[PDB]
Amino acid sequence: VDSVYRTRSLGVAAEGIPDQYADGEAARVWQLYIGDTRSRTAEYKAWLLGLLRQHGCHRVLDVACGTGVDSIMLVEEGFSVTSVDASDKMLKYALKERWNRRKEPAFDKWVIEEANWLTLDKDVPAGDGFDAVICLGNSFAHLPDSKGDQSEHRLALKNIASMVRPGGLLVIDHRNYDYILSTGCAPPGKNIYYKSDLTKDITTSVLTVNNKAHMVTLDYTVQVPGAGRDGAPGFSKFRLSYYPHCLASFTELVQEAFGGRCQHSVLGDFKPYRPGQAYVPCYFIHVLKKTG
C-alpha cells in the first residue's frame, strides 16, 4: 500500500514560514496581473459615476471588492461604500489601502468585510438595503457550476439582489462568452475597465461537457519586464477559469433573481445594446432597477 505524508495539512499556517503556495512562480506572475489592472479607464469612470449620480445613489455595496479598485473610486467620490469579497488573498490589498489612507475621514468610514454570495444574506447586514449594488469586472463568472444545474448560480444572484433596496440598482456584468464560445478565442489586452500596461498571450480552452459549455479556462503567459539577462523580459504563466454565461441565459437568471419585479437593460460595452448590431462588445453590463 502506498501512502502520502505531508509536513503540514492543506490550509493551516505557521508563524515564520510563508503560506502554502504564496511564492510559486504562478502566484508571483499573478501578483503582477492583479496589479497591472488598476489603470482605470476614463470611459469606465465617467459611466459608473454618471449612472450613480443620475439615480441619486449613495450607500453602495461592492460585492466583488477584489483589491478594492472600484471601491476606492467610489470612496473618494463621497459615496458611503461597504466592500466585501470572499477571497482573503485579494482582500488583503484593500485593507492595506484603507489603513494607509485611514487618516482621511472618507477612508475611515469605508467598510471592508468578508462575505460569500452563497451566504451573502447572512454575512452582510442589508438593513433596508442599498442604493446601488455592484459586481463588475466579469467577477460573477468565477463561480463555477458544481451541481450541474445552475442552482448555486441562482442562489448567489438571489442573495445579491437581496441587498438592493426597493427603487435601488444592481449593476452586474459578464464577458462576451457568446463570441468566445463561437471563436474559441478570448482576445487579450481587450479591456474596457482598466488599461493594461502588461503584455500577455492568451490560450483559451473550452470544456464542453456532454454538449453544453461548462467552463472556459484561460492560460495567461505574462511577459514580466526585467527577468532576463541584458534587460530582456521573462515569461511566466498562470491560469484561471470561468463559467461561459450567455447573454440570453444570464438575462433569464438575473431577472429571475428579482422575481420579475425589476427593470432590465443590457449595455454593449458602455453604449446601449441592440441585437443585430455590427459592434460586438467584450463585456455585457446589466443594470437592473428594483421595481418592487
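From 1 onward, residues are counted along the sequence shown. Rigid core (definition): largest C-alpha set, two forms, superposition within 1.5 Å.
The higher RMS C-alpha distance to the shown form in 7 other deposited structures of this protein, out of 202-210 and 187-195, belongs to 187-195, with every structure fitted on the core. Core-fitted comparison in 7 other deposited structures of this protein shows that, between 20-28 and 266-274, the CA atoms farther from the shown form belong to 20-28. Residue 231 is a gap in at least a third of the other entries compared, counting only those with both neighbours built. For the pair 189-197 and 92-100, the mean Cα B-factor is higher in 189-197.
Comparing 60-68 with 219-227, the stretch with the higher mean C-alpha B-factor in the PDB entry is 219-227. In the PDB entry, the Cα temperature factor peaks, among 121, 113, 77, 178, at 121. Per the PDB record, 128 has a higher Cα B-factor than any other of 128, 131, 173, 145. In this PDB entry, the Cα temperature factor of residue 137 sits in the bottom third of its chain's modelled residues, the lowest group. Ranked by Cα temperature factor within the chain, residue 261 sits in the highest third according to the deposited record. Per the deposited record, the Cα B-factor of residue 34 falls in the highest third when ranked against the other modelled residues of its chain.
Per the PDB record, residue ranking by Cα B-factor puts residue 28 in the middle third of the chain. Compared with the other modelled residues of the chain, the Cα B-factor recorded for residue 183 ranks in the highest third.
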